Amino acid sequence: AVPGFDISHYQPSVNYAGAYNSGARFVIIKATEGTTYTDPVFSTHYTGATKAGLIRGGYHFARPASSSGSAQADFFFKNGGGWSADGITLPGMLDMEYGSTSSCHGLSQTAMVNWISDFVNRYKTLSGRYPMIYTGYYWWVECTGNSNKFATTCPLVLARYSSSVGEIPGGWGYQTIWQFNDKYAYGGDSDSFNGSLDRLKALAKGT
């Protein structure tokens, strides 16, 4: 496994080099939310991560009631979700979260799958590759009907704050990344990539 973490403007200051020296090899950084919000610390975190030798990518906090998935993929891509095969860039991550007022943001399971499809496919044409999908197990089960539509295309980032990853939703074989606590020492959440640093480098390169 390879250690990493994820951060946002909730961590205004991060010791990127200390994280690397402690064993972190990647970081996932909030870029955008909905149609209108850019995380003000994105560029600070992305620059610091780069110079410290962390592999890094951005994430988009989905707000499916606010706009189409296509519109949010365009916004993400333009504001930190870009990807190239430079060797140090993760595919962008689509962050599916419980809603402000209801778990599934007022969408039916089929509407939610359609909304994610539009995000995922728009991101693919813009970047060249499918995004990662972040979810918890019960969120995916209730909000998508435990959809398997993305299981062969989008790497799974599975959140479960336990000693074990637990059941894998959606017909994915396995999670690519496990978010296993919300208490990373340098700030933000703790992540673990499933496999070795060479396998992680291959994920970033898109080989």
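Sequential numbering from 1, following the sequence displayed.
- A summary of the deposited B-factors shows that, of 126-134 and 103-111, the stretch with the larger mean C-alpha value is 103-111.
- Of the two stretches examined, 54-62 and 145-153, the record assigns the greater average C-alpha temperature factor to 145-153.
- If you compare the C-alpha temperature factors of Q175, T38, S68, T44 in the entry, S68 comes out highest.
- Looking at the C-alpha B-factors along this chain, the one for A85 belongs to the highest third.
- The entry lists a Cα temperature factor for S192 that places it in the lowest third of the chain's modelled residues.
- Sorting the modelled residues of the chain by their CA temperature factor places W140 in the lowest third.
- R25: CA B factor in the lowest third of modelled residues in this chain (values from the PDB entry).
- Sort the chain's modelled residues by C-alpha temperature factor and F77 lands in the middle third, per the entry.
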